[PDB]
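Note sheet for the following structure.
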Amino acid sequence: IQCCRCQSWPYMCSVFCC
(Lines give C-alpha, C1' and ligand atoms only; values in the text may rest on other atoms or scores of the structure.)
Protein backbone atom coordinates (compact mmCIF):
# COMPACT_ATOMS: atom_id res chain seq x y z
CA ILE A 1 0.00 0.00 0.00
CA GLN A 2 1.27 3.47 -0.89
CA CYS A 3 0.17 6.94 0.20
CA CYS A 4 -1.10 9.69 -2.08
CA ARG A 5 -0.15 13.32 -2.51
CA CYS A 6 -2.65 15.63 -0.85
CA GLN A 7 -3.48 18.82 -2.75
CA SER A 8 -3.42 20.63 0.60
CA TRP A 9 -1.09 23.55 1.36
CA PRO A 10 1.77 21.40 2.80
CA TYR A 11 1.19 19.22 -0.27
CA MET A 12 2.70 16.32 1.69
CA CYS A 13 2.08 12.63 1.02
CA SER A 14 -0.68 11.26 3.24
CA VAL A 15 -2.49 7.93 3.57
CA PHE A 16 -5.76 9.69 4.43
CA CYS A 17 -5.78 11.49 1.08
CA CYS A 18 -7.48 14.89 1.01
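Chains: A, B, ... in order of the C-alpha coordinates. Residues: from 1 per chain. Ligands: from 1, in order shown.
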Would you give me, as a ChimeraX atom specification, the residues in chain A that DSSP reads as strand (DSSP E)?
/A:4-5,13-14
Selected residues written out with N, CA and C atoms, as a PDB file, in the first residue's frame:
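The resulting file, result.pdb, is reproduced below:
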ATOM      1  N   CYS A   4      -0.774   8.838  -0.945  1.00  0.00           N
ATOM      2  CA  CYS A   4      -1.103   9.685  -2.080  1.00  0.00           C
ATOM      3  C   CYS A   4      -0.672  11.104  -1.760  1.00  0.00           C
ATOM      4  N   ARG A   5      -0.571  11.955  -2.768  1.00  0.00           N
ATOM      5  CA  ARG A   5      -0.150  13.320  -2.510  1.00  0.00           C
ATOM      6  C   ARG A   5      -1.356  14.234  -2.360  1.00  0.00           C
ATOM      7  N   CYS A  13       2.683  13.941   1.223  1.00  0.00           N
ATOM      8  CA  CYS A  13       2.079  12.627   1.025  1.00  0.00           C
ATOM      9  C   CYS A  13       1.353  12.173   2.285  1.00  0.00           C
ATOM     10  N   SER A  14       0.117  11.718   2.111  1.00  0.00           N
ATOM     11  CA  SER A  14      -0.681  11.256   3.243  1.00  0.00           C
ATOM     12  C   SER A  14      -1.520  10.040   2.861  1.00  0.00           C
TER      13      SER A  14
END
Mind checking which residues fall within 9 Å of residue 7 of chain A, counting only C-alpha atoms, ignoring those fewer than 3 positions away in the same chain, and posting them as a ChimeraX atom specification?
/A:10-12,17-18
For the residues in the current selection, export N, CA, C and O atoms as an mmCIF file, in the first residue's frame.
data_model
loop_
_atom_site.group_PDB
_atom_site.id
_atom_site.type_symbol
_atom_site.label_atom_id
_atom_site.label_comp_id
_atom_site.auth_asym_id
_atom_site.auth_seq_id
_atom_site.Cartn_x
_atom_site.Cartn_y
_atom_site.Cartn_z
ATOM 1 N N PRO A 10 0.470 22.093 2.593
ATOM 2 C CA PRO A 10 1.769 21.398 2.800
ATOM 3 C C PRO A 10 2.075 20.459 1.639
ATOM 4 O O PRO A 10 3.226 20.078 1.424
ATOM 5 N N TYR A 11 1.030 20.106 0.889
ATOM 6 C CA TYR A 11 1.187 19.218 -0.265
ATOM 7 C C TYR A 11 2.072 18.019 0.074
ATOM 8 O O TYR A 11 2.903 17.608 -0.733
ATOM 9 N N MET A 12 1.898 17.467 1.271
ATOM 10 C CA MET A 12 2.703 16.322 1.690
ATOM 11 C C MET A 12 1.941 15.012 1.499
ATOM 12 O O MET A 12 0.716 14.972 1.606
ATOM 13 N N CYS A 17 -5.408 10.936 2.382
ATOM 14 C CA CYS A 17 -5.781 11.491 1.083
ATOM 15 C C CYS A 17 -6.865 12.551 1.247
ATOM 16 O O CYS A 17 -7.978 12.254 1.681
ATOM 17 N N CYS A 18 -6.530 13.788 0.896
ATOM 18 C CA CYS A 18 -7.480 14.888 1.006
ATOM 19 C C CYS A 18 -7.657 15.579 -0.342
ATOM 20 O O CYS A 18 -8.524 15.160 -1.091
#
